[PDB]
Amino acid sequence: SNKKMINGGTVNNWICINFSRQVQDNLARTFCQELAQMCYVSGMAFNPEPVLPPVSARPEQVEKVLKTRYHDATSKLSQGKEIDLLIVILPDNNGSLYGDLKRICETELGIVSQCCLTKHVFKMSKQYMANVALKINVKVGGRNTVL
């Protein structure tokens, strides 16, 4: 048996930010759609569409891009609703970007985030997607089986 979802969590509102120069907008878009689909069919409630389309940013602007995109997306929601998930596409080798990302999301924005390496965005294998869905589920309060 592979791990599966016991209780599927809910992602009604999400956005994507891309930090890889090898990834065009449409590919980030397509990647997130496949991930959203996997999350759903695994047992989550997961909106097939993001609050805002993906945006591409330079790692040097991590603080600015995250805070601005967070503000703009949140202001788009019905009053009192909040963003459930940020999906981040990042370069295979990213130095301090991963850590910066997590510190900002954890301690300033208070948003759940899922990082995805460029290599996986190009391959988009079903096994990868299933694994990332499992991680997302736990992060938003769902529960998975144990082996």
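Counting begins at 1, following the sequence as shown.
As listed in the deposited structure, the average C-alpha B-factor of 89 to 97 and of 24 to 32 is greater for 89 to 97. The PDB entry records a higher mean C-alpha B factor for 121 to 129 than for its counterpart among 11 to 19 and 121 to 129.
As recorded in the PDB entry, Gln61 shows the highest C-alpha B-factor of the residues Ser42, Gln114, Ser56, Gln61.
Among the modelled residues of its chain, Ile83 has a C-alpha B-factor that falls in the middle third, as given in the PDB entry. Ranked by Cα temperature factor within the chain, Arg143 sits in the lowest third according to the deposited record. Among the modelled residues of the chain, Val65 sits in the highest third by CA temperature factor in this PDB entry.
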